[PDB]
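Asker: Coordinates in query_28.csv, CSV, C-alpha atoms, are listed below.
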chain,number,residue,atom,x,y,z
A,1,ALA,CA,125.9,120.4,62.4
A,2,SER,CA,126.2,123.9,61.0
A,3,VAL,CA,129.2,125.5,59.3
A,4,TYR,CA,130.2,127.8,62.2
A,5,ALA,CA,129.6,125.0,64.6
A,6,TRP,CA,131.4,122.2,62.8
A,7,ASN,CA,131.8,118.9,64.7
A,8,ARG,CA,135.2,117.2,65.2
A,9,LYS,CA,135.4,113.5,66.2
A,10,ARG,CA,138.6,112.0,67.7
A,11,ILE,CA,139.7,108.7,66.1
A,12,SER,CA,142.2,106.5,67.9
A,13,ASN,CA,142.9,102.8,68.7
A,14,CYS,CA,141.7,101.4,65.4
A,15,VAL,CA,142.2,98.6,63.1
A,16,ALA,CA,141.3,101.0,60.4
A,17,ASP,CA,139.9,99.4,57.2
A,18,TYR,CA,139.6,102.0,54.3
A,19,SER,CA,138.8,99.4,51.6
A,20,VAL,CA,135.0,99.5,52.4
A,21,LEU,CA,135.1,103.3,52.2
A,22,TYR,CA,136.9,103.2,48.8
A,23,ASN,CA,134.6,100.6,47.3
A,24,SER,CA,131.4,102.6,48.3
A,25,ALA,CA,129.8,104.5,45.5
A,26,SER,CA,127.7,107.0,47.5
A,27,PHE,CA,130.3,109.7,47.5
A,28,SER,CA,130.4,112.1,44.5
A,29,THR,CA,133.7,113.7,45.5
A,30,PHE,CA,136.6,111.5,46.5
A,31,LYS,CA,139.8,113.5,46.5
A,32,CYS,CA,143.0,113.0,48.6
A,33,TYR,CA,145.9,115.3,49.2
A,34,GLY,CA,149.3,113.7,49.4
A,35,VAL,CA,148.1,110.1,50.0
A,36,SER,CA,147.0,107.5,47.5
A,37,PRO,CA,143.7,106.1,48.5
A,38,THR,CA,144.8,102.6,47.5
A,39,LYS,CA,147.8,102.9,49.8
A,40,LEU,CA,145.9,103.7,52.9
A,41,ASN,CA,145.9,100.1,54.1
A,42,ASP,CA,149.5,99.7,55.1
A,43,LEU,CA,150.2,103.1,56.6
A,44,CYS,CA,149.9,103.8,60.3
A,45,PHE,CA,149.0,107.2,61.8
A,46,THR,CA,149.3,108.6,65.3
A,47,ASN,CA,145.9,110.2,65.2
A,48,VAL,CA,143.0,110.8,62.7
A,49,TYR,CA,140.6,113.8,62.7
A,50,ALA,CA,137.0,113.6,61.3
B,1,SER,CA,200.1,125.7,66.4
B,2,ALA,CA,202.9,125.0,63.9
B,3,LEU,CA,201.1,122.3,62.0
B,4,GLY,CA,198.1,124.4,61.0
B,5,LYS,CA,199.1,124.4,57.3
B,6,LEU,CA,198.7,120.6,57.4
B,7,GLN,CA,195.7,120.6,59.7
B,8,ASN,CA,193.5,122.9,57.6
B,9,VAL,CA,193.6,120.5,54.6
B,10,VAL,CA,192.0,117.8,56.7
B,11,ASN,CA,189.6,120.3,58.3
B,12,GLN,CA,188.5,121.5,54.8
B,13,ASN,CA,188.0,117.9,53.5
B,14,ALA,CA,186.1,116.8,56.6
B,15,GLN,CA,183.8,119.9,56.4
B,16,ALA,CA,183.1,119.4,52.7
B,17,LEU,CA,182.2,115.8,53.3
B,18,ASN,CA,180.0,116.7,56.3
B,19,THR,CA,178.1,119.3,54.2
B,20,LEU,CA,177.7,116.7,51.5
B,21,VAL,CA,176.2,114.3,54.0
B,22,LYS,CA,174.0,117.0,55.5
B,23,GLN,CA,172.5,117.8,52.1
B,24,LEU,CA,170.4,114.6,52.2
B,25,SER,CA,168.0,116.0,54.8
B,26,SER,CA,166.5,118.6,52.5
B,27,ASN,CA,163.0,118.5,50.9
B,28,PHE,CA,163.9,120.7,47.9
B,29,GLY,CA,160.2,121.4,47.6
B,30,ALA,CA,159.0,117.8,47.8
B,31,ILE,CA,156.7,116.5,50.5
B,32,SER,CA,159.4,114.6,52.3
B,33,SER,CA,163.2,114.3,52.3
B,34,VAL,CA,163.3,110.5,52.5
B,35,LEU,CA,162.5,108.5,49.3
B,36,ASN,CA,161.0,105.5,51.1
B,37,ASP,CA,158.1,107.4,52.6
B,38,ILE,CA,157.4,109.0,49.2
B,39,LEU,CA,157.4,105.7,47.5
B,40,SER,CA,155.3,104.0,50.2
B,41,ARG,CA,152.8,106.9,50.4
B,42,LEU,CA,152.0,108.1,46.8
B,43,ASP,CA,150.6,106.4,43.8
B,44,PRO,CA,153.1,105.6,40.9
B,45,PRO,CA,151.7,108.2,38.4
B,46,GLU,CA,152.3,111.2,40.6
B,47,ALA,CA,155.4,110.1,42.6
B,48,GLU,CA,157.7,111.3,39.8
B,49,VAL,CA,156.6,114.8,40.5
Go through the file and emit its structure as structure tokens.

Answerer:
Amino acid sequence: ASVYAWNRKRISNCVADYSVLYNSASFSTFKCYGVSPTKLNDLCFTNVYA
Amino acid sequence: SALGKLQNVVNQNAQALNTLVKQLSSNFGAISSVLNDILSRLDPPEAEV
């Protein structure tokens, strides 16, 4: 979508596997604020926004 | 009301200890006030910050 009409997807009820996302090489920018990407596996979150 | 001179010593000590305990719930600028979340959430190189 466009900038002024940015989409927002609700994420819930997941066995979330972030290892496949980390190991992919199609992303030029991979930056995280306050969370180590390698530590995303053990943590549990109440809700995720995309 | 006669034993106030003896009661205030206990009150002062109990208040100092309570304030000391209450000081553990402060961020002081960090992202969290509890050390386990910080250790379980951040990578080793930048946790010391």

Asker: One decimal, in Å: what's the spacing between atom CA of residue B:42 and atom CA of residue A:34?

Answerer: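 About the pair atom CA of residue B:42 and atom CA of residue A:34: they are 6.7 Å apart.
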
Asker: So that I can check the surroundings of residue B:43, please list as an NGL selection string every protein, DNA and RNA residue that reaches within 9 Å of it, counting all atoms listed in the file and ignoring chain neighbours fewer than 3 positions away.

Answerer: (:A and (35-39)) or (:B and (39-40 or 46-47))

Asker: Hey, can you check how far atom CA of residue B:21 sits from atom CA of residue B:4?

Answerer: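 Answer for the atom CA of residue B:21 to atom CA of residue B:4 separation: 25.1 Å.
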
Asker: Using Å and a single decimal, report how far atom CA of residue B:41 sits from atom CA of residue A:46.

Answerer: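 Between atom CA of residue A:46 and atom CA of residue B:41 the gap works out to 15.4 Å.
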
Asker: Please provide the set of residues having any atom within 10 Å of residue A:47, restricted to all atoms listed in the file, with same-chain residues fewer than 5 positions apart removed, written as a list in words.

Answerer: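 In the requested form, the answer reads residues 10, 11, 12, 13 and 14 of chain A.
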
Asker: Just the selected residues (C-alpha atoms), exported as a CSV table (one decimal), keeping the file's coordinate frame, please.

Answerer:
chain,number,residue,atom,x,y,z
A,10,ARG,CA,138.6,112.0,67.7
A,11,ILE,CA,139.7,108.7,66.1
A,12,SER,CA,142.2,106.5,67.9
A,13,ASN,CA,142.9,102.8,68.7
A,14,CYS,CA,141.7,101.4,65.4

Asker: Which residue gives the smallest distance to chain A among B:1, B:18, B:32, B:8, with all atoms listed in the file counted?

Answerer: B:32
